[PDB]
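> For reference, the structure I am asking about is given below.
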Amino acid sequence: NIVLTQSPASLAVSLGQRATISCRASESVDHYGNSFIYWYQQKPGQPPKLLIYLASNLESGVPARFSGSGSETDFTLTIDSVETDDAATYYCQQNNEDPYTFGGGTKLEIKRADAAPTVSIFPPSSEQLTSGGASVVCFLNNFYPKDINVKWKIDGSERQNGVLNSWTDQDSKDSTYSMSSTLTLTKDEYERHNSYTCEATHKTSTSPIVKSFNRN
Amino acid sequence: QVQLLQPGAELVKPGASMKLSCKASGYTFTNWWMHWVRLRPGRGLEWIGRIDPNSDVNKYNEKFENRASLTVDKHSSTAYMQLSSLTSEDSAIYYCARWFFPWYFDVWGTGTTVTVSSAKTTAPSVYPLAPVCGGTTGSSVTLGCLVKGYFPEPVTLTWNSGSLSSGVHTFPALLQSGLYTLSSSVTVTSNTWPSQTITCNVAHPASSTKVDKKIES
Amino acid sequence: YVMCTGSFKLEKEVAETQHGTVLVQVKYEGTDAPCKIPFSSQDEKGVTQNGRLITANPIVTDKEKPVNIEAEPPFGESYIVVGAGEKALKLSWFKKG
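Residue numbers (PDB author numbering), protein chains in the order written: chain L, 1 to 30, 30A to 30D, 31 to 212; chain H, 1 to 52, 52A, 53 to 82, 82A to 82C, 83 to 100, 100A, 101 to 212; chain A, 299 to 395.
Spelled out as structure tokens, the structure:
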């Protein structure tokens, strides 16, 4: 089987700047003078979409800023000026021999200017309380870059257990990221304590932005 | 107009078998080969096999050869793929794709999210998230909606029946205790809330439920 | 150049040369000349199957002029593929040895 290895695993490029992704094959994918390799673009919630075929040929409808090159075992995809909607995962694929194989995938980010997260904290709903559970939610919206860390405290004591985190993919409109963090407790444990604190640490913030509430 | 239609979701037990459909339209079904490809989370795309609908000639990925079966129904212009001895490793999004002979895949199916589980169907709980009674800061207020404890994926969440789409962030689901949880935030100007009405609406087609929740307090 | 987009019609019978190669002469039915001619060889199951081109690079200079192509196909049963898309020309060939 022809193995396709992509490099790098992921990268972030400033809007309007050039991006380059490489794909290397464990052996030749050339067939009668043509490279049987293809470049696809896939966005979250969407099926893949062809960008480049036969190494260098542009599919109709694909913007001219997209281009491809290479032969035998070494190939490259280039976007000479990235845009917001260019944020996606990119895959190379070969069909020179069965079974068809795909590269490991390269994730492209769009490096808008850094932005501190907007932090909002939300106590459990009365409705949830009626069912006997108690989830506290903290939204961290429109920050960049992706790396961020959240710390929970209950009455000044750090809480590690019961924390679940999630991050959105890059926003199609503003190139920002968002994060939701949920600390889940029982109602009984929850009603024993007073102050609850969510702390967001990010590249843009040396001393973290902190949001808290008192249940009573 | 060319269309390759697949069912939105499948819930199958481990070791069991499944049969996924791809209904082609807008072209001569038997004029193009059909391939099948799956996308696993953090594991990329994987090729399963191909079939020529005209002659029923086919080819499998050797990894799947003992486990897979490609068939077609010309009458309905539908291609089928069957896979048995399913495990959790087979949980993925399955796409059918039309082969632009002899090169690339020109048209991709809608995709079928396949879950291999023995879990049972569970309706979501929907909770409104209103701010702290001492948390009303800022020229613009932010509200939220929490959808907890459902199965299987997916759910669809909208705000004001879709009339309100800007300034919204809807977060990816998360498997916990064998159930999914997700959340969504919306940010509006203080002039909008609590002055104007805002409701979270959540449909869960797997349980055939739909639930509206007004944001109070 | 870009790859030819049009359709192909077979102009002559396929012929085996003295030295186990084939000469194929085809007539182009496209509008995008000049363009590069899609050419590939496979088997019955659609599997890409190795071989080599004797002709440098097959190109349609003038859509009204037929192009000759000499190639060394794989041994045994194969399909010569001229063009691309649904109307792609598929011609069966056997090379003993």
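The C-beta atom is built at its ideal place from N, Cα and C for all residues, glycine as well.
(1) Which runs of the beta strand (DSSP E) spanning at least 3 residues fall entirely within the stretch 102-131 of chain H, listed in chain order?
(2) Given that a residue counts as buried once 16 or more other Cβ atoms are within 10 Å of its Cβ, and exposed if not, what is H:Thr131?
(3) List in chain order: all unbroken beta strand (DSSP E) runs of 3+ residues lying wholly within the stretch 128-156 of chain L.
(4) L:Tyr49 to H:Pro189, Cα distance in whole Å?
(5) Which residue comes first and which comes last in the alpha helix (DSSP H) that contains L:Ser122?
(6) Quick one, are the C-beta atoms of A:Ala369 and H:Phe97 less than 8 Å apart?
(7) Give the residues of chain H in contact with L:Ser22, contact being defined as C-beta atoms less than 9 Å apart.
(8) In the DSSP assignment, find the unbroken beta strand (DSSP E) run with H:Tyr100 in it and report its ends.
(9) DSSP puts H:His199 in a beta bridge; with which residues?
(10) Residues in the same chain with beta-carbon distance under 7 Å from H:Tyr175, minus the five sequence neighbours each way, listed in chain order, please.
(11) Do three or more CB pairs link the stretch 114-129 of chain L to the stretch 57-71 of chain L at distances below 8 Å?
(12) Could you pull the DSSP bridge partners for L:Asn53 from this structure?
(13) Distance, Cα to Cα, H:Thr117 vs H:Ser202?
(14) Would you mind telling me which residues of chain H sit closer than 9 Å to L:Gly152, beta carbon to beta carbon, in chain order?
(15) Using a cut-off of 8 Å between C-beta atoms, extract the partners of L:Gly66 located in chain H.
(16) With 8 Å set as the bound, which would you pick, yes or no: does the beta-carbon of A:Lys343 sit closer than that to a beta-carbon of chain H?
(17) What separation, rounded to the nearest whole angstrom, lies between the Cα atoms of A:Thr359 and H:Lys58?
(18) To the nearest angstrom, how far is it from the Cα of A:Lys325 to the Cα of L:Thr5?
(19) L:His189 by DSSP, collapsed to three states: which one?
(20) Measuring only between beta-carbons, confirm whether L:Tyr30B sits less than 8 Å from chain A.
(21) Please classify H:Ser135: does DSSP put it in a helix, a strand, or coil?
(22) Would you mind telling me which residues of chain L sit closer than 9 Å to A:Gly349, beta carbon to beta carbon, in chain order?
(23) L:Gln37 and L:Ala84 look like a contact to me (Cβ under 8 Å); what is the Cβ gap, rounded to whole Å?
(24) Which residues in the same chain as H:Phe63 place their Cβ atom closer than 6 Å to its Cβ, once the five residues preceding and following it in sequence are excluded?
(25) What is the DSSP secondary structure of H:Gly144, reduced to helix, strand or coil?
(26) Does L:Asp30 come out as helix, strand or coil in the three-state DSSP assignment?
(27) Short check: CB of H:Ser113 to CB of H:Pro14, under 8 Å?
(28) What does the Cβ neighbour count give for L:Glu105, buried or exposed, with the cut at 16 atoms within 10 Å?
(29) In the DSSP output, which residue or residues are listed as bridge partners for L:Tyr36?
(30) Which of the three DSSP states, helix, strand or coil, is assigned to L:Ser7?
(31) Should L:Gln90 go down as buried or exposed, given a rule of 16 or more other Cβ atoms within 10 Å for buried?
(32) Taking the beta strand (DSSP E) that L:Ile117 belongs to, which residues open and close that run?
(33) Can you tell me whether L:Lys207 is buried or exposed, with buried defined as 16 or more other CB within 10 angstroms of its CB?
(34) Checking the sheet assignment: what are the DSSP bridge partners for H:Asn57?
(35) Here's the rule I'm using: 16 or more other beta-carbon atoms within 10 Å means buried, otherwise exposed. How should L:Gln166 be labelled?
(36) If you scan the stretch 312-337 of chain A from start to end, which runs of the beta strand (DSSP E) of 3 or more residues do you find wholly inside it?
Working from what's here:
(1) If we require 3 residues or more, the beta strand (DSSP E) runs fully inside the stretch 102-131 of chain H come out as 107-111, 120-124.
(2) H:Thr131 comes out exposed.
(3) Runs found: 129-139, 144-150, 153-155.
(4) Taking the straight line from one Cα to the other gives about 54 Å.
(5) Going by DSSP, L:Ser122 is part of the alpha helix (DSSP H) stretching over 122-126.
(6) Result no, Cβ atoms of A:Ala369 and H:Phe97 do not sit closer than 8 Å.
(7) In chain order: nothing, as chain H lies at least about 16 Å away.
(8) H:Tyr100 -> no beta strand (DSSP E), and no H or E assigned at all.
(9) Looking at the DSSP assignment, H:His199 forms a beta bridge with H:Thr204.
(10) Leaving aside the five residues that flank H:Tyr175 on each side, the residues in its chain whose CB is nearer than 7 Å to its CB run, in chain order, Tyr145, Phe146, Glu148, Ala168, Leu169.
(11) No, the stretch 114-129 of chain L is not in contact with the stretch 57-71 of chain L.
(12) DSSP lists L:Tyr49 as partners of L:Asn53.
(13) Going by C-alpha positions, H:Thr117 is about 7 Å away from H:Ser202.
(14) Near L:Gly152 there are no residues of chain H at all, since even the closest Cβ is about 19 Å away, more than 9 Å.
(15) Chain-ordered listing is empty here: chain H has no CB closer than 8 Å to the CB of L:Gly66, the nearest sitting near 16 Å.
(16) It does: the Cβ of A:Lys343 has a partner Cβ on chain H nearer than 8 Å.
(17) Distance between the alpha carbons of A:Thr359 and H:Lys58: 37 Å.
(18) Between the alpha carbons of A:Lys325 and L:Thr5 lies a distance of about 40 Å.
(19) Coil, per DSSP.
(20) So, interface residue.
(21) For H:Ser135, the three-state secondary structure derived from DSSP is coil.
(22) What A:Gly349 touches in chain L: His30A, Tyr30B.
(23) Confirmed, Cβ separation roughly 5 Å.
(24) Only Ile48 meet the Cβ criterion.
(25) Per DSSP, reduced to three states, the secondary structure at H:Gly144 is strand.
(26) In the displayed model, L:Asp30 falls within a strand according to three-state DSSP.
(27) Cβ distance < 8 Å, so H:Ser113 and H:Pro14 count as in contact.
(28) Counting Cβ neighbours within 10 Å, L:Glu105 comes out buried, since at least 16 surround it.
(29) L:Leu46, L:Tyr87, per the DSSP bridge assignment.
(30) L:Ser7 falls in the strand class under three-state DSSP.
(31) Classification of L:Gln90: buried, given that the 10 Å Cβ count is 16 or more.
(32) Taken as a continuous stretch (DSSP letters only), the beta strand (DSSP E) holding L:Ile117 covers 114-118.
(33) It is buried - the Cβ of L:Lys207 has at least 16 other Cβ atoms within 10 Å.
(34) H:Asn57 pairs with H:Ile51.
(35) When all chains shown are included, L:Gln166 counts as buried.
(36) Segments of the beta strand (DSSP E) lying fully in the stretch 312-337 of chain A: 320-327.
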